[PDB]
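Trainee: Could you have a look at this structure, given as structure tokens, before my questions?
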Amino acid sequence: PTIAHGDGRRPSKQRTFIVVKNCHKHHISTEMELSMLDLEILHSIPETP
Amino acid sequence: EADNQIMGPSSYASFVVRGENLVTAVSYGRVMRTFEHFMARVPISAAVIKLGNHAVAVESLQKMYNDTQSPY
Amino acid sequence: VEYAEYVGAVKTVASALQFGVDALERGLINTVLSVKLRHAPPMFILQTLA
Amino acid sequence: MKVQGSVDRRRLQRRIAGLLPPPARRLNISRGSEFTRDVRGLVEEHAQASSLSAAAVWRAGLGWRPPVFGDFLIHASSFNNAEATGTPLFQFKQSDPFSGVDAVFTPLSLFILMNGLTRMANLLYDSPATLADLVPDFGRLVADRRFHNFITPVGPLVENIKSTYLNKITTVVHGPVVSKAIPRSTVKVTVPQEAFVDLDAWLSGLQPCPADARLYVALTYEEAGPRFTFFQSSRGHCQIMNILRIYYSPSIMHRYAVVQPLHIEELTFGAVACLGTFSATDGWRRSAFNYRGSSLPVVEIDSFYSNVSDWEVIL
Amino acid sequence: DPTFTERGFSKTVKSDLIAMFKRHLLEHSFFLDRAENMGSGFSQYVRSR
Amino acid sequence: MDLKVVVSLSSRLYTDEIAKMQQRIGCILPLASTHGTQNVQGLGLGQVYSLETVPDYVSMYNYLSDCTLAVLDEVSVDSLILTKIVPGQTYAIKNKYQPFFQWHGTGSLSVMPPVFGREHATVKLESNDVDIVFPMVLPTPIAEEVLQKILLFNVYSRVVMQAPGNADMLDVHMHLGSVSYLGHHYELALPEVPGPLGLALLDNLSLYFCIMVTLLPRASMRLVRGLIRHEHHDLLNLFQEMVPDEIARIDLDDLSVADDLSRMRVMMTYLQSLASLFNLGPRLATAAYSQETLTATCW
């Protein structure tokens with residue numbers, strides 16, 4: 001919006017700003033090691049105490 | 001501060017009637033209706049301090065000047 | 001689509017008229033404040049001249 | 001009933017009924033009754049025509065002259081079709097072979113003929129010969145200082161009927177530049193920022209602002225081939241020539257190094273014309289050309305009114 | 001603060017600013033360490049900061 | 001569609017001076033900007049013609065072409081109402097300029113800076129700490145003379161120095177200082193020191209004069225060579241039976257039209273460019289006149 005003036009001042013017309021914002025992406029990662037011996041026994045069926 | 005609100009405006013209401021008249025007359029619904037017809041054809045709320053014996057209202061208008069993007 | 005273009009036009013026009021009205025009210029406030037600031041002598045003079 | 005038909009008489013009637021002028025305003029001065037019935041209307045119409053609050057003022061809101069367009073038949077090979085709608089075009093007269101294609105030129109085409117701006121020009125035009133064969137006398141005209149008697153301003157592009165061999169180009173030769181379209185889309189005239197120089201901005205009591213700025217085109221035969229530029233000023237035609245001479249002072253000095261060989265014809269340096277008048281107190285704006293090649297910063301001015309002027313010699 | 005940038009960023013405005021940046025960097029850096037040395041108007045110093 | 005302007009005065013004018021302004025009704029004046037409301041500091045020609053700086057007339061002339069023209073319409077205690085002048089409209093106009101001239105019907109009128117009098121041109125508004133300086137409008141024929149009267153002075157004063165010869169200064173003033181009119185004589189103020197824009201204007205002439213001088217034809221020389229001694233006219237009375245010696249030196253070679261055509265061909269182009277320099281401002285075309293009411297109808 002604007003003010004109205006009595007001076008010779010050049011009056012501004014109706015103005016309007018159009019502004020754009022963009023996203024920004026992020027990635028994160030960490031690694032885990034599991035023994036092959038460990039994975040194997042999960043698939044077997046235990047037969048002893 | 002003694003009172004934030006001021007409910008003293010003069011007992012005249014002709015001027016408030018003029019103002020609301022202007023604002024409605026420019027409201028969106030009324031412009032819609034007029035174009036259709038042509039085709040068919042409240043305290044002041046300012047801070048108040050006691051300066052000795054007098055009540056005095058303190059105010060700054062810098063907000064309207066900032067919005068109009070002009071110096072104050 | 002014609003009706004949307006029409007309502008778009010009427011929104012534009014009413015918004016321009018509201019712009020004009022509010023500019024007038026702000027101009028009123030501005031002129032009254034400027035009248036005060038013109039007729040407001042400094043304190044370093046008034047304190048003794050009063 | 002048997003066929004629907006392709007148009008609606010109702011719509012045609014209602015769409016015309018909004019284009020007939022407002023009737024006259026009579027005033028009977030022979031009967032008191034009619035006299036009053038009309039003066040009442042007079043006061044009502046003043047109110048409705050000068051009261052901000054209502055929209056009826058803005059409705060009554062609607063000395064406007066239609067533009068005068070120009071048609072031209074051009075070799076599609078000569079004219080690139082990705083040109084921006086709003087470039088000012090220039091035409092080269094032909095004496096006997098006037099019949100055929102007229103071979104109008106844009107700014108960038110003229111740059112290619114006369115040899116960032118250069119990047120874009122060479123990306124738009126693969127071979128200069130297709131242009132250079134349109135002016136077989138150019139090598140002689142430049143030396144005789146006569147190219148500006150044949151290059152004439154025609155105005156800013158509006159519509160392009162793209163065609164294979166020929167091509168139907170249209171410009172606004174005079175009057176308010178507005179499309180030929182029936183919805184009446186509007187366009188803004190553009191020129192390369194590299195070839196644009198602002199005269200008031202160049203020479204930076206207080207100066208007054210008139211109601212009109214004007215854009216000029218100046219063609220000068222320097223040493224390194226001819227070159228053309230677009231200027232802008234709101235000053236006044238009698239000071240503008242002098243300011244342009246001040247501008248071209250150093251290049252005239254450089255050019256006058258060797259003057260005893262050529263006899264009299266090489267005297268003339270350059271010419272100025274005035275493409276038209278646009279809104280002052282608004283200035284211009286910056287944009288970019290859209291071609292695949294690169295930016296090409298570009299000056300865009302709105303609400304132009306083309307009023308051409310003959311070439312005026314400076315020296 | 002808008003009083004400084006009401007007119008815009010001219011050359012003299014960016015001069016008066018760039019010196020205020022210099023003056024705060026000396027005066028007000030490390031404010032919590034500043035309070036521990038002030039006389040006991042410190043709890044009002046922090047609250048103000 | 002509507003052209004107008006109101007000039008709102010900060011403080012009310014004295015009962016004496018408002019009367020002085022109404023006498024200036026209907027006179028054209030220059031306004032810096034075209035807006036509904038305007039300040040009084042952009043109204044007169046006062047800024048470029050001060051009381052404390054040396055007056056340059058060419059500068060004033062340049063300002064006039066650039067600035068918009070408003071026909072003063074009405075004076076009030078608080079306001080001045082004026083109408084801006086558009087490119088294509090008919091406007092009534094009045095004659096009130098104190099160095100007085102009497103116009104003729106359908107006479108092209110030209111607007112000038114107040115050459116004749118600083119005091120006559122400006123009305124003082126001592127209420128608002130200003131003076132409003134109206135431009136001087138003239139019939140075009142006499143205006144073209146006054147312009148030449150000025151440009152010559154900035155050269156002659158330079159050429160002739162008062163200290164070396166008192167007499168020479170008196171003679172140059174005789175031709176340039178005064179403008180003769182039908183049964184009348186007006187004095188033209190001349191700046192004591194000429195450093196103004198005219199020297200710049202002259203530099204543009206001398207560039208053309210050095211150019212044109214080289215492409216002068218010969219046949220046009222000899223026709224004067226023969227006519228002066230053999231026949232007598234009003235026009236050639238300036239040259240007596242004596243002929244200037246340079247021309248006899250320049251014109252010795254025989255005549256060829258083809259060579260002459262090229263020279264006359266070239267000369268036409270530089271007289272066309274040259275004219276732009278001469279107008280030096282706005283023109284008003286008059287369509288009618290009323291002598292009793294002293295009012296024209298300009299356009």
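A note on labels: chains of the structure tokens are A, B, ... as shown, every chain counts residues from 1, and ligands are counted from 1 in their shown order.
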Can you list, as a VMD selection string, every residue of stretch 3-48 of chain A that DSSP puts in alpha helix (DSSP H)?

Mentor: chain A and resid 36 to 43

Trainee: Please produce a file of those selected residues containing N, CA and C atoms, as an mmCIF file, in the first residue's frame.

Mentor:
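And here is the file that came out, out-v3.cif:
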data_model
loop_
_atom_site.group_PDB
_atom_site.id
_atom_site.type_symbol
_atom_site.label_atom_id
_atom_site.label_comp_id
_atom_site.auth_asym_id
_atom_site.auth_seq_id
_atom_site.Cartn_x
_atom_site.Cartn_y
_atom_site.Cartn_z
ATOM 1 N N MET A 36 28.728 -63.502 9.328
ATOM 2 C CA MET A 36 28.100 -64.566 8.562
ATOM 3 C C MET A 36 27.723 -65.722 9.469
ATOM 4 N N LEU A 37 28.562 -66.006 10.464
ATOM 5 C CA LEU A 37 28.216 -67.024 11.444
ATOM 6 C C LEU A 37 26.933 -66.655 12.159
ATOM 7 N N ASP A 38 26.744 -65.367 12.414
ATOM 8 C CA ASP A 38 25.562 -64.913 13.128
ATOM 9 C C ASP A 38 24.306 -65.090 12.288
ATOM 10 N N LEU A 39 24.354 -64.702 11.017
ATOM 11 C CA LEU A 39 23.176 -64.840 10.171
ATOM 12 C C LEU A 39 22.786 -66.300 10.001
ATOM 13 N N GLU A 40 23.767 -67.194 9.920
ATOM 14 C CA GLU A 40 23.468 -68.574 9.568
ATOM 15 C C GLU A 40 22.578 -69.228 10.611
ATOM 16 N N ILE A 41 22.948 -69.117 11.886
ATOM 17 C CA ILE A 41 22.245 -69.849 12.930
ATOM 18 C C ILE A 41 20.798 -69.412 13.064
ATOM 19 N N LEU A 42 20.463 -68.213 12.587
ATOM 20 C CA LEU A 42 19.074 -67.777 12.600
ATOM 21 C C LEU A 42 18.201 -68.662 11.722
ATOM 22 N N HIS A 43 18.755 -69.185 10.637
ATOM 23 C CA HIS A 43 17.934 -69.951 9.709
ATOM 24 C C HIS A 43 17.910 -71.434 10.061
#

Trainee: Distance limit 12 Å, atoms considered: only C-alpha atoms. Which chain D residues sit that close to chain A? Return them as a PDB file with N, CA and C atoms, in the first residue's frame.

Mentor:
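Saved file result_15.pdb follows:
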ATOM      1  N   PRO D 208      13.595  18.853 -15.531  1.00  0.00           N
ATOM      2  CA  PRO D 208      12.173  18.538 -15.496  1.00  0.00           C
ATOM      3  C   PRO D 208      11.849  17.271 -16.261  1.00  0.00           C
ATOM      4  N   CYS D 209      10.783  16.612 -15.822  1.00  0.00           N
ATOM      5  CA  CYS D 209      10.348  15.382 -16.457  1.00  0.00           C
ATOM      6  C   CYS D 209       9.132  15.651 -17.318  1.00  0.00           C
ATOM      7  N   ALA D 211       6.118  14.426 -20.250  1.00  0.00           N
ATOM      8  CA  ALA D 211       5.172  13.322 -20.229  1.00  0.00           C
ATOM      9  C   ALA D 211       5.502  12.232 -21.244  1.00  0.00           C
ATOM     10  N   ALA D 280       7.117   8.011 -20.576  1.00  0.00           N
ATOM     11  CA  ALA D 280       8.130   8.504 -19.664  1.00  0.00           C
ATOM     12  C   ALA D 280       7.679   8.223 -18.239  1.00  0.00           C
ATOM     13  N   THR D 281       8.468   8.662 -17.263  1.00  0.00           N
ATOM     14  CA  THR D 281       8.202   8.458 -15.839  1.00  0.00           C
ATOM     15  C   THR D 281       8.035   6.989 -15.479  1.00  0.00           C
ATOM     16  N   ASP D 282       8.299   6.096 -16.416  1.00  0.00           N
ATOM     17  CA  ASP D 282       8.268   4.664 -16.199  1.00  0.00           C
ATOM     18  C   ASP D 282       9.561   3.994 -16.590  1.00  0.00           C
TER      19      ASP D 282
END

Trainee: Wanna dump the chain D-chain F contacts at 7 Å for me, each residue with its shortest atom pair and the distance in Å to one decimal, counting only C-alpha atoms, ordered by chain and number, as a Markdown table?

Mentor:
| residue | atom | partner | partner_atom | distance |
| --- | --- | --- | --- | --- |
| D:205 | CA | F:48 | CA | 5.7 |
| D:208 | CA | F:32 | CA | 4.6 |
| D:209 | CA | F:33 | CA | 5.7 |
| D:210 | CA | F:67 | CA | 5.6 |
| D:211 | CA | F:34 | CA | 6.8 |
| D:235 | CA | F:66 | CA | 5.2 |
| D:236 | CA | F:66 | CA | 5.6 |
| D:238 | CA | F:276 | CA | 5.6 |
| D:312 | CA | F:273 | CA | 6.1 |
| D:313 | CA | F:273 | CA | 5.6 |
| D:314 | CA | F:273 | CA | 6.8 |

Trainee: Dump as a tab-separated table the rows for residues of chain A within 12 Å of chain C: closest atom pair and distance in Å with one decimal, only C-alpha atoms counted, ordered by chain and rising residue number.

Mentor:
residue	atom	partner	partner_atom	distance
A:1	CA	C:19	CA	6.6
A:2	CA	C:23	CA	5.5
A:3	CA	C:23	CA	4.8
A:4	CA	C:27	CA	4.4
A:5	CA	C:27	CA	6.1
A:6	CA	C:31	CA	8.3
A:7	CA	C:31	CA	10.9
A:11	CA	C:23	CA	10.5
A:12	CA	C:23	CA	10.5
A:13	CA	C:19	CA	9.2
A:14	CA	C:16	CA	7.1
A:15	CA	C:19	CA	10.0
A:16	CA	C:19	CA	11.8

Trainee: Output as JSON lines one row per residue of chain C within 12 Å of chain F: the closest atom pair and its distance in Å to one decimal place, counting only C-alpha atoms, sorted by chain and residue number ascending.

Mentor:
{"residue": "C:34", "atom": "CA", "partner": "F:10", "partner_atom": "CA", "distance": 11.9}
{"residue": "C:35", "atom": "CA", "partner": "F:10", "partner_atom": "CA", "distance": 10.7}
{"residue": "C:38", "atom": "CA", "partner": "F:10", "partner_atom": "CA", "distance": 10.5}

Trainee: With only C-alpha atoms counted and 7 Å as the cut-off, give the residues of chain C in contact with chain B, each with its shortest interatomic distance in Å and the pair that gives it, as a tab-separated table.

Mentor:
residue	atom	partner	partner_atom	distance
C:10	CA	B:32	CA	6.8
C:14	CA	B:28	CA	5.8
C:17	CA	B:26	CA	6.4
C:18	CA	B:26	CA	6.1

Trainee: Can those selected residues be exported to a file as an mmCIF file, in the first residue's frame so that it contains N, CA and C atoms?

Mentor:
data_model
loop_
_atom_site.group_PDB
_atom_site.id
_atom_site.type_symbol
_atom_site.label_atom_id
_atom_site.label_comp_id
_atom_site.auth_asym_id
_atom_site.auth_seq_id
_atom_site.Cartn_x
_atom_site.Cartn_y
_atom_site.Cartn_z
ATOM 1 N N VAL C 10 -12.956 -8.674 -11.862
ATOM 2 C CA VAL C 10 -13.652 -7.879 -10.862
ATOM 3 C C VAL C 10 -12.827 -7.804 -9.586
ATOM 4 N N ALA C 14 -11.858 -4.149 -7.941
ATOM 5 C CA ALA C 14 -12.176 -3.813 -6.563
ATOM 6 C C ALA C 14 -10.916 -3.643 -5.737
ATOM 7 N N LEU C 17 -9.595 -0.173 -6.389
ATOM 8 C CA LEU C 17 -10.384 0.840 -5.702
ATOM 9 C C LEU C 17 -10.096 0.846 -4.204
ATOM 10 N N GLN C 18 -9.945 -0.332 -3.593
ATOM 11 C CA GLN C 18 -9.577 -0.373 -2.182
ATOM 12 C C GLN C 18 -8.210 0.250 -1.954
#

Trainee: Could you list, with a cut-off of 10 Å and counting only C-alpha atoms, the residues of chain D near chain C, each shown with its nearest atom pair and the distance in Å rounded to one decimal, rows sorted by chain and ascending number, as CSV?

Mentor:
residue,atom,partner,partner_atom,distance
D:52,CA,C:17,CA,7.9
D:53,CA,C:17,CA,7.8
D:54,CA,C:17,CA,8.9
D:55,CA,C:14,CA,8.0
D:58,CA,C:13,CA,8.4

Trainee: Put those residues in a file: N, CA, C and O atoms, as a PDB file, in the first residue's frame.

Mentor:
ATOM      1  N   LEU D  52     -15.796   8.411  -6.684  1.00  0.00           N
ATOM      2  CA  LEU D  52     -14.844   7.305  -6.594  1.00  0.00           C
ATOM      3  C   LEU D  52     -15.500   6.047  -6.060  1.00  0.00           C
ATOM      4  O   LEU D  52     -15.297   4.954  -6.600  1.00  0.00           O
ATOM      5  N   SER D  53     -16.296   6.189  -5.002  1.00  0.00           N
ATOM      6  CA  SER D  53     -16.751   5.033  -4.243  1.00  0.00           C
ATOM      7  C   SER D  53     -17.348   3.968  -5.148  1.00  0.00           C
ATOM      8  O   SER D  53     -17.019   2.785  -5.034  1.00  0.00           O
ATOM      9  N   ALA D  54     -18.200   4.373  -6.076  1.00  0.00           N
ATOM     10  CA  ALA D  54     -18.867   3.405  -6.926  1.00  0.00           C
ATOM     11  C   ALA D  54     -17.912   2.863  -7.981  1.00  0.00           C
ATOM     12  O   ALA D  54     -16.897   3.480  -8.314  1.00  0.00           O
ATOM     13  N   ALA D  55     -18.252   1.686  -8.496  1.00  0.00           N
ATOM     14  CA  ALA D  55     -17.617   1.149  -9.686  1.00  0.00           C
ATOM     15  C   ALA D  55     -18.196   1.722 -10.966  1.00  0.00           C
ATOM     16  O   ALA D  55     -17.591   1.550 -12.027  1.00  0.00           O
ATOM     17  N   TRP D  58     -15.716   3.633 -12.925  1.00  0.00           N
ATOM     18  CA  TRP D  58     -14.806   2.800 -13.691  1.00  0.00           C
ATOM     19  C   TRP D  58     -15.495   2.181 -14.897  1.00  0.00           C
ATOM     20  O   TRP D  58     -14.839   1.868 -15.892  1.00  0.00           O
TER      21      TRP D  58
END

Trainee: Show which residues sit within 12 Å of residue D:254, as a list in words. Count only C-alpha atoms, and ignore same-chain residues fewer than 5 positions away.

Mentor: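 The filter keeps residues 222, 223, 224, 248, 249, 259 and 269 of chain D.
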
Trainee: For chain B, work out the contacting residues on chain E at 9 Å, counting only C-alpha atoms, and write them as a list in words.

Mentor: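 So the contacting residues turn out to be residues 2, 3, 6 and 7 of chain E.
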
Trainee: Fewer than 3 positions away in the same chain doesn't count, so skip those; otherwise give me all residues within 12 Å of stretch 157-169 of chain F, counting only C-alpha atoms, as a PyMOL selection string.

Mentor: chain F and resi 150-154+172-177+190-195+199

Trainee: Please identify every residue of chain F that has at least one atom no more than 7 Å from any atom of chain A, counting only C-alpha atoms, and report them as a PyMOL selection string.

Mentor: chain F and resi 35+37-39

Trainee: As a ChimeraX atom specification, please: every residue in stretch 58-253 of chain F that DSSP puts in strand (DSSP E or B).

Mentor: /F:68-75,79-84,91-94,109-112,122-125,130-133,136-139,178-181,184-187

Trainee: For a test of reading the model, state the distance in Å between atom CA of residue F:11 and atom CA of residue F:23, rounded to one decimal.

Mentor: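 Pair atom CA of residue F:11 / atom CA of residue F:23 returns 20.6 Å.
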
Trainee: Provide the atom CA of residue D:86 to atom CA of residue D:225 distance in Å, to one decimal place.

Mentor: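 Pair atom CA of residue D:86 / atom CA of residue D:225 returns 26.7 Å.
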
Trainee: Within 10 Å of residue F:248, counting only C-alpha atoms, which residues show up once you throw out same-chain ones fewer than 4 positions away? Write them as a ChimeraX atom specification, please.

Mentor: /F:221-222,225,243-244,252
